[PDB]
Amino acid sequence: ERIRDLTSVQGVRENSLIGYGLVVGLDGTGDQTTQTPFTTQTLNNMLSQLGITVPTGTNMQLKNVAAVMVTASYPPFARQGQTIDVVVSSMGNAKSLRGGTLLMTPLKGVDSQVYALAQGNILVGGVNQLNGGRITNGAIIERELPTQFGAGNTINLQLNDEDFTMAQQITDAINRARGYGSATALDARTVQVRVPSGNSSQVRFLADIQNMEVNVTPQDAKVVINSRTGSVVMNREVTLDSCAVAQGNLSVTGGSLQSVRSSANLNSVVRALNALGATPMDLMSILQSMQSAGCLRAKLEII
Amino acid sequence: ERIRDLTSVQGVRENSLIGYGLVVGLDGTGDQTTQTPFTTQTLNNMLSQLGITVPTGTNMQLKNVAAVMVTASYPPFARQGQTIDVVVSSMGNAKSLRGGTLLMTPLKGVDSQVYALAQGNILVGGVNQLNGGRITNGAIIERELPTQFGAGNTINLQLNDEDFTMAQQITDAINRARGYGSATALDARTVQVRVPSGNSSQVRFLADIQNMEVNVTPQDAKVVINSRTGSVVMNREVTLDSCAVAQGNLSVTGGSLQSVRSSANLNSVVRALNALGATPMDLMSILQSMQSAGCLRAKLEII
Amino acid sequence: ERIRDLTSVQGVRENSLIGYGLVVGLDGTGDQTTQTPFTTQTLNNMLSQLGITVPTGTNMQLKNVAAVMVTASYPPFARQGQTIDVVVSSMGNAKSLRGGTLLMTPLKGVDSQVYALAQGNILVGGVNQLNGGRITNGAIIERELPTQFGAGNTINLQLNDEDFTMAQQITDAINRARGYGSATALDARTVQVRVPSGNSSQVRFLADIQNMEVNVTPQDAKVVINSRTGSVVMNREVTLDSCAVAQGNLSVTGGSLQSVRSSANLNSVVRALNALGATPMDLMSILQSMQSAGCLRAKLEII
Amino acid sequence: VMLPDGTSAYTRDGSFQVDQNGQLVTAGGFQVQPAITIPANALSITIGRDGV
Amino acid sequence: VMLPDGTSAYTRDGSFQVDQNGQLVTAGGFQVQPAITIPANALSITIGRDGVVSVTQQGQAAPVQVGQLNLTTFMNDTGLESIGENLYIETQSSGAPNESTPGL
Amino acid sequence: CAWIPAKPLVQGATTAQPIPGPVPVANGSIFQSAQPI
């Protein structure tokens with residue numbers, strides 16, 4: 001299952017669909033509709049379409065209706081009649097969407113064409129979000145996308161993470177179980193494979209390819225710091241050099257300057273960094289300072 | 001039962017029907033009708049149709065009537081006279097729909113044509129939703145849709161989830177119990193089967209096909225995180241690499257940087273992640289940071 | 001009794017009838033009639049018809065009269081003189097319909113023609129609904145519908161739920177006890193049977209057909225979630241795959257990530273899901289997340 | 001005078017005003033049954049000795 | 001009115017104020033069901049005889065309403081439990097609090 | 001003197017017909033961008 005988990009097929013991709021709708025059946029937790037004119041305007045549009053023309057000059061003050069935006073993913077090779085999941089998010093001053101029902105909503109693409117029609121019952125968790133829900137199989141595909149799959153004798157596998165070693169390894173793995181010249185790497189992120197002419201032939205070839213297992217090679221040393229959530233993650237290839245670290249309210253347990261032992265593997269790094277007795281908030285600053293000095297032999301990314 | 005649970009037949013699909021109606025018989029828990037003019041307007045329309053013309057200039061302040069939207073699904077091969085379930089959702093400032101009765105409601109399609117007529121008694125749970133109910137067999141089909149089923153010698157089975165391996169597996173399964181060239185995969189999501197010319201012949205063929213069992217192949221490794229409900233779900237094909245994790249108020253039980261053991265199967269992953277002693281809210285951030293670093297060898301989806 | 005409980009006969013269907021009436025004899029629990037002008041207007045109409053012309057300019061403030069809507073079902077092959085049950089629902093600001101009597105009410109069809117005449121005593125339960133009641137044999141059929149039953153040699157049995165396997169099974173069952181070519185399936189929802197020419201002959205044939213028993217075949221795996229009532233129902237064909245589940249305030253009983261054992265039958269699924277110790281409100285989110293991930297091998301419907 | 005709930009009250013305050021649909025109402029907005037609708041093109045309103 | 005615990009209390013003190021997110025609240029800040037949101041464009045707020053809350057705005061000859069102020073009626077007003085902070089709760093006596101629009 | 005032919009100030013055409021757009025490529029994407037400037 002390595003090749004499918006590492007790469008993606010060229011032309012097999014997911015698009016994004018968006019639309020506007022109304023959610024009805026709320027228990028008095030909808031829009032105020034005095035500060036969100038589009039809710040009442042679109043309700044009047046729906047009624048006018050259905051055969052009820054409400055007078056232009058009138059005051060409608062609803063409480064069970066909310067104006068929402070619906071987002072979905074158009075899956076690869078989607079055919080009309082299939083169903084997809086949608087996400088429903090409130091748009092103006094609505095308290096909750098607990099037990100609402102999404103009315104008929106056309107999901108447009110980037111090209112402003114309807115690719116799906118959405119309508120269903122929203123499932124809201126019930127510290128849980130109240131203005132956001134999900135409808136499983138809530139939208140039906142109405143339009144299909146032409147594709148070039150099955151045409152030509154080349155298929156590109158696109159690596160999720162760029163690596164010359166991994167690209168070469170996938171090339172050598174495809175060229176071991178599937179013939180001599182069945183794959184050629186084009187760059188650090190693309191492996192071009194030669195496929196038989198046809199549609200089912202390429203499907204069979206890619207089915208074979210996808211479940212093959214490749215031995216993942218060492219992949220860069222990096223320390224990911226998320227300051228907004230206060231988390232630090234170090235992969236296996238992170239090392240350290242011997243150097244001294246000082247920080248506020250931290251001391252040898254006896255001065256404030258603690259020596260960090262050079263470290264070869266990740267267990268040594270973890271032990272050396274835990275010897276400092278540093279909170280992760282302090283550990284982030286320690287890692288940044290060590291990266292500046294040169295003790296930390298890894299790529300420090302702040303996400 | 002695998003093929004029916006995995007695929008859908010081309011042309012065998014469900015449509016969405018919508019309509020507007022009134023719910024009567026509520027115990028003073030209907031619309032205020034002073035802030036929802038369409039309720040009184042449509043009640044006057046109904047009376048005028050029935051033979052009662054209420055004066056244009058008058059004040060009607062009802063309490064047992066609510067204006068509702070009715071939604072239903074038009075089932076495949078629906079014939080006139082059959083019954084379907086409908087969902088009734090209040091539209092404006094109604095307290096409840098406890099024991100109301102849905103009056104005659106025409107359910108329109110996307111093409112604004114009446115496909116069903118809805119009327120019945122609403123069943124409301126009774127923390128339960130009060131403005132939303134369901135009527136079983138509450139609508140009768142009045143229009144039928146022409147279809148191309150039974151015409152031609154090709155039928156497409158559309159996989160619910162795109163997979164070249166699964167498409168090839170279904171193709172090989174249909175071509176084992178039903179002849180040599182009875183199925184051909186067209187893409188990652190479509191399997192074209194050759195069916196005899198006729199209507200009952202295709203029904204028999206698809207009845208045979210649908211209950212066949214296919215051996216499901218490994219299907220991608222993915223971690224689904226629902227932040228709105230605070231849930232994390234990992235399938236069997238999720239693995240881990242050895243790396244260090246630090247987060248606020250979490251420590252080895254002795255520093256704050258805990259080593260996560262490489263993990264091959266899902267039990268190892270669960271044990272390694274439970275060794276951190278992390279709340280799911282913290283676990284979501286841990287998983288996101290590990291995906292950024294590269295320890296988590298899976299596809300992280302946020303739903 | 002399987003065929004009658006699974007299918008319906010073509011042309012044997014129920015229509016919906018609606019009408020407006022007045023309910024009298026209430027113990028001061030009728031309309032205010034100052035906010036519902038149609039009650040007094042229709043009472044004056046009734047008096048004018050009966051021979052009493054109340055002056056146009058006058059104030060009538062009734063308390064024992066309520067304006068109601070009456071709904072009924074027109075049964076198949078209904079003949080004039082037969083009686084049907086009706087449902088009486090209040091229409092404006094009436095407190096109760098406890099011991100009221102429904103005056104002569106013409107029940108119109110969709111074509112605005114009188115098909116029944118309704119008049120009787122309302123039975124109200126007495127947390128019970130007060131503005132809604134039912135009258136058994138409260139309406140008498142006055143019009144009959146022409147039908148094509150007994151004409152032609154084809155009769156369509158329409159399956160309640162679409163299934164190619166079930167359609168084929170009914171076709172084979174009818175063709176086992178009633179001759180070689182007595183039934184042909186037309187689609188996933190229709191079985192066409194060949195009947196003798198005549199009226200009583202078709203009645204006899206359908207009497208034979210209806211009580212036949214068919215062996216119901218596995219029917220799709222689906223999990224029904226009703227968030228408005230907070231209920232989850234899983235049928236027998238629901239399975240699970242091994243995967244890890246995390247949710248708020250749920251832990252192994254010891255981390256927060258609990259492994260759910262792969263499950264083949266429904267008992268295994270129930271045991272695995274009860275091992276999580278999840279409230280149904282949490283179980284709904286768990287099931288949705290597992291459907292997103294891929295552990296849940298069933299069709300998740302939100303009703 | 002007709003109250004909003006529909007019951008009739010009685011007043012000796014004779015200060016009446018025309019509402020937005022014609023009609024003579026009390027200063028509090030309560031209508032003065034027996035009702036009196038005043039047309040738009042009115043040049044003068046005359047209330048006589050015999051209530052006309 | 002709605003207590004912070006989530007249970008409803010009943011008061012007769014008629015002093016209300018609009019808080020920073022509209023919402024008519026009591027002087028202690030407790031929200032006054034059935035929720036009344038006042039827009040910022042309001043020039044004058046009028047609470048009617050029947051509890052109708054109408055709001056006038058600029059460039060709109062017709063006053064924009066906001067909601068209904070419903071009163072709770074008990075069958076033994078002597079029986080409510082006095083919580084303290086100008087609030088009464090339904091005891092075993094004065095049960096079944098009957099909501100009603102004012103005037104009827 | 002007002003009948004003398006004269007050349008207006010804004011010469012040329014005072015309208016432009018929208019040009020039909022390129023045919024989308026068969027790459028499996030909904031977003032299709034014309035020749036970018």
# chains A, B, ... in the order shown; residues from 1 in each chain; ligands from 1
>>> residues_around(residues="residue 154 of chain A", least_positions_apart="5", cutoff="7 Å", atoms="only C-alpha atoms", output="PyMOL selection string")
chain A and resi 192-195
>>> write_last_selection(atoms="N, CA and C atoms", output="PDB file, in the first residue's frame")
ATOM      1  N   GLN A 192       7.225   9.185 -14.274  1.00  0.00           N
ATOM      2  CA  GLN A 192       6.444   8.897 -15.467  1.00  0.00           C
ATOM      3  C   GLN A 192       6.525   7.406 -15.757  1.00  0.00           C
ATOM      4  N   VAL A 193       5.370   6.759 -15.863  1.00  0.00           N
ATOM      5  CA  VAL A 193       5.286   5.336 -16.143  1.00  0.00           C
ATOM      6  C   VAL A 193       4.674   5.150 -17.523  1.00  0.00           C
ATOM      7  N   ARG A 194       5.120   4.101 -18.204  1.00  0.00           N
ATOM      8  CA  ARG A 194       4.614   3.752 -19.522  1.00  0.00           C
ATOM      9  C   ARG A 194       3.495   2.733 -19.360  1.00  0.00           C
ATOM     10  N   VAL A 195       2.317   3.064 -19.876  1.00  0.00           N
ATOM     11  CA  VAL A 195       1.125   2.242 -19.698  1.00  0.00           C
ATOM     12  C   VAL A 195       0.644   1.765 -21.062  1.00  0.00           C
TER      13      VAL A 195
END
>>> residues_around(residues="segment 19-27 of chain F", least_positions_apart="2", cutoff="9 Å", atoms="only C-alpha atoms", output="PDB file with C-alpha atoms, in the first residue's frame")
ATOM      1  CA  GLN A  10      -2.113  12.494 -12.698  1.00  0.00           C
ATOM      2  CA  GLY A  11      -5.622  13.640 -13.570  1.00  0.00           C
ATOM      3  CA  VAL A  12      -7.185  11.831 -10.596  1.00  0.00           C
ATOM      4  CA  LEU A 145     -16.002  16.202 -16.088  1.00  0.00           C
ATOM      5  CA  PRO A 146     -14.299  14.950 -19.260  1.00  0.00           C
ATOM      6  CA  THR A 147     -10.871  13.462 -18.657  1.00  0.00           C
ATOM      7  CA  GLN A 148      -7.882  12.211 -20.627  1.00  0.00           C
ATOM      8  CA  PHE A 149      -7.498   9.036 -18.564  1.00  0.00           C
TER       9      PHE A 149
ATOM     10  CA  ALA F  16     -16.981  45.439 -28.216  1.00  0.00           C
ATOM     11  CA  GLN F  17     -18.371  41.947 -28.703  1.00  0.00           C
ATOM     12  CA  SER F  29     -10.058  20.130 -12.814  1.00  0.00           C
ATOM     13  CA  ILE F  30     -12.986  22.523 -12.799  1.00  0.00           C
ATOM     14  CA  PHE F  31     -10.751  25.597 -12.624  1.00  0.00           C
ATOM     15  CA  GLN F  32      -9.593  26.424 -16.153  1.00  0.00           C
ATOM     16  CA  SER F  33      -7.614  29.604 -16.819  1.00  0.00           C
ATOM     17  CA  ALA F  34      -7.262  31.191 -20.257  1.00  0.00           C
ATOM     18  CA  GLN F  35      -3.776  32.116 -21.543  1.00  0.00           C
TER      19      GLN F  35
END
>>> closest_atom_pairs(of="chain C", to="chain E", cutoff="12 Å", atoms="only C-alpha atoms", output="Markdown table")
| residue | atom | partner | partner_atom | distance |
| --- | --- | --- | --- | --- |
| C:32 | CA | E:104 | CA | 10.1 |
| C:35 | CA | E:104 | CA | 11.9 |
| C:93 | CA | E:104 | CA | 11.3 |
>>> residues_around(residues="residue 22 of chain D", least_positions_apart="4", cutoff="7 Å", atoms="only C-alpha atoms", output="number ranges by chain")
D: 18, 37-39
>>> write_last_selection(atoms="N, CA, C and O atoms", output="PDB file, in the first residue's frame")
ATOM      1  N   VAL D  18     -58.665  60.581  13.125  1.00  0.00           N
ATOM      2  CA  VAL D  18     -58.758  59.721  11.954  1.00  0.00           C
ATOM      3  C   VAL D  18     -57.490  58.885  11.868  1.00  0.00           C
ATOM      4  O   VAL D  18     -56.379  59.418  11.977  1.00  0.00           O
ATOM      5  N   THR D  37     -65.934  55.466   8.362  1.00  0.00           N
ATOM      6  CA  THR D  37     -64.720  55.620   7.573  1.00  0.00           C
ATOM      7  C   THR D  37     -64.758  56.957   6.844  1.00  0.00           C
ATOM      8  O   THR D  37     -65.720  57.252   6.130  1.00  0.00           O
ATOM      9  N   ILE D  38     -63.710  57.754   7.024  1.00  0.00           N
ATOM     10  CA  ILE D  38     -63.633  59.089   6.436  1.00  0.00           C
ATOM     11  C   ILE D  38     -62.886  59.023   5.109  1.00  0.00           C
ATOM     12  O   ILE D  38     -61.749  58.530   5.063  1.00  0.00           O
ATOM     13  N   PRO D  39     -63.476  59.500   4.010  1.00  0.00           N
ATOM     14  CA  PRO D  39     -62.790  59.427   2.713  1.00  0.00           C
ATOM     15  C   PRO D  39     -61.616  60.387   2.614  1.00  0.00           C
ATOM     16  O   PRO D  39     -61.460  61.289   3.442  1.00  0.00           O
TER      17      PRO D  39
END
>>> residues_around(residues="segment 261-264 of chain A", least_positions_apart="3", cutoff="12 Å", atoms="only C-alpha atoms", output="JSON, numbers by chain")
{"A": [236, 237, 238, 239, 240, 241, 242, 243, 244, 245, 258, 267, 268, 269, 270, 271, 272, 273, 274, 275, 276, 294, 295, 296, 297, 298]}
>>> interface_residues(of="chain C", to="chain D", cutoff="12 Å", atoms="only C-alpha atoms", output="list in words")
residues 31, 32, 33, 34, 35, 36, 37, 57, 58, 59, 60, 61 and 62 of chain C
>>> closest_residue(among="D:1, D:11, D:43, D:49", to="residue 25 of chain D", atoms="only C-alpha atoms")
D:1
>>> residues_around(residues="residue 136 of chain C", least_positions_apart="2", cutoff="12 Å", atoms="only C-alpha atoms", output="list in words")
residues 72, 83, 84, 85, 86, 87, 88, 118, 119, 120, 121, 122, 123, 124, 133, 134, 138, 139 and 140 of chain C
>>> closest_residue(among="A:126, A:218, A:21, A:254", to="chain B", atoms="only C-alpha atoms")
A:126
>>> select_by_dssp(residues="segment 2-161 of chain B", states="strand (DSSP E)", output="ChimeraX atom specification")
/B:7-9,15-24,65-74,83-90,101-108,114-121,132-141,154-159
>>> write_last_selection(atoms="C-alpha atoms", output="mmCIF file, in the first residue's frame")
data_model
loop_
_atom_site.group_PDB
_atom_site.id
_atom_site.type_symbol
_atom_site.label_atom_id
_atom_site.label_comp_id
_atom_site.auth_asym_id
_atom_site.auth_seq_id
_atom_site.Cartn_x
_atom_site.Cartn_y
_atom_site.Cartn_z
ATOM 1 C CA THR B 7 -21.296 0.292 -6.052
ATOM 2 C CA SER B 8 -24.407 1.858 -7.529
ATOM 3 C CA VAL B 9 -26.118 1.156 -10.840
ATOM 4 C CA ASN B 15 -33.879 12.828 -6.854
ATOM 5 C CA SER B 16 -34.812 15.576 -4.397
ATOM 6 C CA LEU B 17 -38.316 17.042 -4.129
ATOM 7 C CA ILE B 18 -39.309 20.208 -2.282
ATOM 8 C CA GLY B 19 -42.584 21.945 -1.538
ATOM 9 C CA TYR B 20 -44.320 24.445 0.702
ATOM 10 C CA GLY B 21 -47.240 23.659 2.975
ATOM 11 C CA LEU B 22 -49.192 24.533 6.092
ATOM 12 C CA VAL B 23 -49.316 22.533 9.322
ATOM 13 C CA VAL B 24 -52.543 22.849 11.301
ATOM 14 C CA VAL B 65 -51.028 27.237 11.892
ATOM 15 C CA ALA B 66 -47.383 27.071 10.817
ATOM 16 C CA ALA B 67 -45.836 27.560 7.381
ATOM 17 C CA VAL B 68 -43.456 24.687 6.655
ATOM 18 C CA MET B 69 -41.155 23.365 3.950
ATOM 19 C CA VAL B 70 -41.487 19.691 3.013
ATOM 20 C CA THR B 71 -38.543 17.761 1.570
ATOM 21 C CA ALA B 72 -38.519 14.249 0.152
ATOM 22 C CA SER B 73 -36.519 11.873 -2.022
ATOM 23 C CA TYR B 74 -37.886 10.655 -5.333
ATOM 24 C CA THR B 83 -45.837 6.433 -1.093
ATOM 25 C CA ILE B 84 -42.640 8.007 0.252
ATOM 26 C CA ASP B 85 -41.533 9.577 3.521
ATOM 27 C CA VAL B 86 -41.267 13.350 3.886
ATOM 28 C CA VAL B 87 -39.494 15.704 6.281
ATOM 29 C CA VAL B 88 -41.401 18.754 7.521
ATOM 30 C CA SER B 89 -39.421 21.765 8.755
ATOM 31 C CA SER B 90 -40.855 25.002 10.112
ATOM 32 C CA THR B 101 -51.221 17.793 10.327
ATOM 33 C CA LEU B 102 -49.644 18.602 6.973
ATOM 34 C CA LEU B 103 -52.221 19.847 4.487
ATOM 35 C CA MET B 104 -52.105 19.045 0.775
ATOM 36 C CA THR B 105 -48.618 19.987 -0.407
ATOM 37 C CA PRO B 106 -47.306 19.565 -3.978
ATOM 38 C CA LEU B 107 -43.667 18.460 -3.980
ATOM 39 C CA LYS B 108 -41.877 20.052 -6.929
ATOM 40 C CA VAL B 114 -45.131 18.341 -9.259
ATOM 41 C CA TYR B 115 -43.863 14.799 -8.697
ATOM 42 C CA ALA B 116 -45.612 14.009 -5.406
ATOM 43 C CA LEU B 117 -48.479 15.188 -3.228
ATOM 44 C CA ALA B 118 -47.883 15.317 0.524
ATOM 45 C CA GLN B 119 -50.410 15.216 3.369
ATOM 46 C CA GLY B 120 -50.314 13.441 6.706
ATOM 47 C CA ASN B 121 -49.678 13.573 10.434
ATOM 48 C CA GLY B 132 -38.852 19.337 12.566
ATOM 49 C CA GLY B 133 -40.782 16.136 11.980
ATOM 50 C CA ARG B 134 -41.137 13.199 9.631
ATOM 51 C CA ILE B 135 -44.195 11.683 7.954
ATOM 52 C CA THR B 136 -43.833 8.056 6.892
ATOM 53 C CA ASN B 137 -45.693 7.370 3.632
ATOM 54 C CA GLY B 138 -46.765 11.006 3.791
ATOM 55 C CA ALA B 139 -46.455 11.693 0.064
ATOM 56 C CA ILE B 140 -47.843 9.882 -2.975
ATOM 57 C CA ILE B 141 -45.956 9.850 -6.270
ATOM 58 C CA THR B 154 -23.815 -1.807 -21.292
ATOM 59 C CA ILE B 155 -24.422 -1.063 -17.614
ATOM 60 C CA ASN B 156 -22.064 1.001 -15.465
ATOM 61 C CA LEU B 157 -21.391 0.136 -11.840
ATOM 62 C CA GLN B 158 -20.146 3.288 -10.122
ATOM 63 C CA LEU B 159 -17.906 2.695 -7.119
#
>>> atom_distance(atom1="atom CA of residue 52 of chain B", atom2="atom CA of residue 46 of chain C")
11.8 Å
>>> atom_distance(atom1="atom CA of residue 290 of chain B", atom2="atom CA of residue 255 of chain B")
19.0 Å
>>> interface_residues(of="chain C", to="chain A", cutoff="8 Å", atoms="only C-alpha atoms", output="PyMOL selection string")
chain C and resi 227-228+281-282+284-285+288+300-303
>>> write_last_selection(atoms="C-alpha atoms", output="PDB file, in the first residue's frame")
ATOM      1  CA  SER C 227     -30.574  13.554  15.272  1.00  0.00           C
ATOM      2  CA  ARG C 228     -33.876  15.295  16.002  1.00  0.00           C
ATOM      3  CA  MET C 281     -25.295  11.604  20.943  1.00  0.00           C
ATOM      4  CA  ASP C 282     -21.577  10.792  20.916  1.00  0.00           C
ATOM      5  CA  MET C 284     -23.762   9.592  16.090  1.00  0.00           C
ATOM      6  CA  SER C 285     -20.571  11.624  15.712  1.00  0.00           C
ATOM      7  CA  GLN C 288     -20.166   9.811  11.017  1.00  0.00           C
ATOM      8  CA  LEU C 300     -25.099   6.243   6.763  1.00  0.00           C
ATOM      9  CA  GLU C 301     -28.457   7.998   6.345  1.00  0.00           C
ATOM     10  CA  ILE C 302     -29.493  11.012   8.427  1.00  0.00           C
ATOM     11  CA  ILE C 303     -33.263  11.210   8.817  1.00  0.00           C
TER      12      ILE C 303
END
>>> residues_around(residues="residue 210 of chain A", least_positions_apart="3", cutoff="9 Å", atoms="only C-alpha atoms", output="ChimeraX atom specification")
/A:1-5,7,205-207,213 /B:164-165
>>> write_last_selection(atoms="N, CA, C and O atoms", output="mmCIF file, in the first residue's frame")
data_model
loop_
_atom_site.group_PDB
_atom_site.id
_atom_site.type_symbol
_atom_site.label_atom_id
_atom_site.label_comp_id
_atom_site.auth_asym_id
_atom_site.auth_seq_id
_atom_site.Cartn_x
_atom_site.Cartn_y
_atom_site.Cartn_z
ATOM 1 N N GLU A 1 0.819 -1.205 0.000
ATOM 2 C CA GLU A 1 0.000 0.000 0.000
ATOM 3 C C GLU A 1 0.856 1.260 0.000
ATOM 4 O O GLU A 1 0.351 2.358 0.221
ATOM 5 N N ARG A 2 2.161 1.100 -0.225
ATOM 6 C CA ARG A 2 3.057 2.244 -0.115
ATOM 7 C C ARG A 2 2.864 3.230 -1.262
ATOM 8 O O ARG A 2 2.828 4.443 -1.041
ATOM 9 N N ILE A 3 2.754 2.737 -2.496
ATOM 10 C CA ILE A 3 2.744 3.651 -3.633
ATOM 11 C C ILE A 3 1.487 4.512 -3.621
ATOM 12 O O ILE A 3 1.537 5.709 -3.931
ATOM 13 N N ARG A 4 0.346 3.934 -3.242
ATOM 14 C CA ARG A 4 -0.877 4.727 -3.159
ATOM 15 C C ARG A 4 -0.810 5.735 -2.016
ATOM 16 O O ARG A 4 -1.318 6.856 -2.141
ATOM 17 N N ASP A 5 -0.189 5.361 -0.896
ATOM 18 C CA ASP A 5 -0.083 6.270 0.240
ATOM 19 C C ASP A 5 0.986 7.338 0.045
ATOM 20 O O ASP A 5 0.996 8.326 0.786
ATOM 21 N N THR A 7 2.032 8.559 -3.374
ATOM 22 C CA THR A 7 1.856 9.305 -4.608
ATOM 23 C C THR A 7 0.378 9.520 -4.899
ATOM 24 O O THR A 7 -0.505 9.034 -4.190
ATOM 25 N N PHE A 205 -3.079 -1.715 -14.899
ATOM 26 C CA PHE A 205 -1.691 -1.362 -14.625
ATOM 27 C C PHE A 205 -1.576 -0.562 -13.336
ATOM 28 O O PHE A 205 -0.737 -0.865 -12.478
ATOM 29 N N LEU A 206 -2.421 0.460 -13.175
ATOM 30 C CA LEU A 206 -2.368 1.279 -11.976
ATOM 31 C C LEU A 206 -2.821 0.525 -10.737
ATOM 32 O O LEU A 206 -2.317 0.803 -9.645
ATOM 33 N N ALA A 207 -3.749 -0.425 -10.879
ATOM 34 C CA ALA A 207 -4.115 -1.273 -9.752
ATOM 35 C C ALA A 207 -2.916 -2.079 -9.276
ATOM 36 O O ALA A 207 -2.662 -2.189 -8.070
ATOM 37 N N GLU A 213 4.920 -2.021 -2.493
ATOM 38 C CA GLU A 213 5.568 -1.472 -1.312
ATOM 39 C C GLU A 213 7.008 -1.106 -1.631
ATOM 40 O O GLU A 213 7.733 -1.881 -2.262
ATOM 41 N N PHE B 164 -8.462 2.231 -8.067
ATOM 42 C CA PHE B 164 -8.111 1.389 -9.205
ATOM 43 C C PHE B 164 -8.065 -0.079 -8.811
ATOM 44 O O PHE B 164 -8.513 -0.947 -9.568
ATOM 45 N N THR B 165 -7.526 -0.377 -7.627
ATOM 46 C CA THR B 165 -7.477 -1.762 -7.173
ATOM 47 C C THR B 165 -8.875 -2.331 -6.978
ATOM 48 O O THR B 165 -9.152 -3.462 -7.384
#
>>> interface_residues(of="chain E", to="chain D", cutoff="10 Å", atoms="only C-alpha atoms", output="VMD selection string")
chain E and resid 49 to 50 103 to 104
>>> residues_around(residues="segment 5-15 of chain E", least_positions_apart="2", cutoff="6 Å", atoms="only C-alpha atoms", output="list in words")
residues 1, 2, 3, 87, 88 and 89 of chain E
>>> closest_residue(among="A:96, A:113, A:64, A:44", to="chain F", atoms="only C-alpha atoms")
A:113
>>> closest_residue(among="E:53, E:59, E:77, E:4", to="residue 34 of chain E", atoms="only C-alpha atoms")
E:53
